[PDB]
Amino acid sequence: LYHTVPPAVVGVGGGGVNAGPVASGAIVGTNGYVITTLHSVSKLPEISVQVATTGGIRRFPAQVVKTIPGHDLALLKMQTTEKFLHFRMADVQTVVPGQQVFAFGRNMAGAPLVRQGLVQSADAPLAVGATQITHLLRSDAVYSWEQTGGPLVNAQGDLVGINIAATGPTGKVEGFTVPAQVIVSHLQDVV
């Protein structure tokens, strides 16, 4: 699992040569489609996606294809002739409370991050700016702001959602997740 998921886990950030990921993202299409959190990219003048390879980190410019503001998601497209290993959208699954999940990300240096945890709720609200997002998952697999925008997966490596790190009233990092089904239904006008 920790061998076959990371290639589809990317870093997302601005276009500066000396800039690193400020969030994570999930490759969901062979021609370079990436799902990430909307608030992470919406104010970036230019978007660069950082991809792990056997030769080290490669960067690709990306454009926003579609915003999903009501769920704080963005669909990006990398501008490249290259093909990518990716999450299969047909393999997307739901999870239930108590089920073990794994939250993947990439840090500011391009290194992979993974944490496992349990689903703790399957219906939780979250406010992102002025948007009230509903029917999110909660899990303790999300421990770092750097995991935001990265994928939640089940033990089989199926994409189950996109993570959002939120702050509690006390500063404790709390883990939220947009269910992957939201991607499918809000993107039935692209690929």
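When you see a residue number, it is the position in the sequence shown, counting from 1.
When the C-alpha temperature factors are averaged for each of 145-153 and 124-132, which stretch ends up with the higher value in the entry? If you average the C-alpha B-factors of 145-153 and of 124-132, the larger mean comes out for 124-132.
Look over 2-10 and 182-190 in the entry and identify the one with the greater average Cα temperature factor. If you average the C-alpha B-factors of 2-10 and of 182-190, the larger mean comes out for 182-190.
Which listed residue, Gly15, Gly171, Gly25, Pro21, has the largest C-alpha temperature factor in the record? Comparing C-alpha B-factors across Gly15, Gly171, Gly25, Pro21, the maximum falls on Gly171.
Member of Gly56, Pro45, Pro61, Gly29 with the greatest C-alpha B factor (per the PDB record): Spelled out: the listed residue with the top C-alpha B-factor is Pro45.
Rank-wise, by C-alpha B-factor, drop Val34 into the lowest, middle or highest third of its chain. For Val34, whose C-alpha B-factor we compare with every modelled residue in the chain, the answer is the lowest third.
Within-chain third of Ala90 by Cα B-factor, per the entry: It falls in the top third of the chain.
Among all modelled residues of this chain, ranked by Cα B factor, put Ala74 in the bottom, middle or top third, i.e. lowest, middle or highest. Middle third, going by the recorded CA B-factors of the chain.
Lowest, middle or highest third - CA B-factor, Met108: It falls in the top third of the chain.
Based on the deposited C-alpha B factors for this chain, I'd like to know if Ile68 is in the lowest, middle or highest third. Highest third, going by the recorded CA B-factors of the chain.
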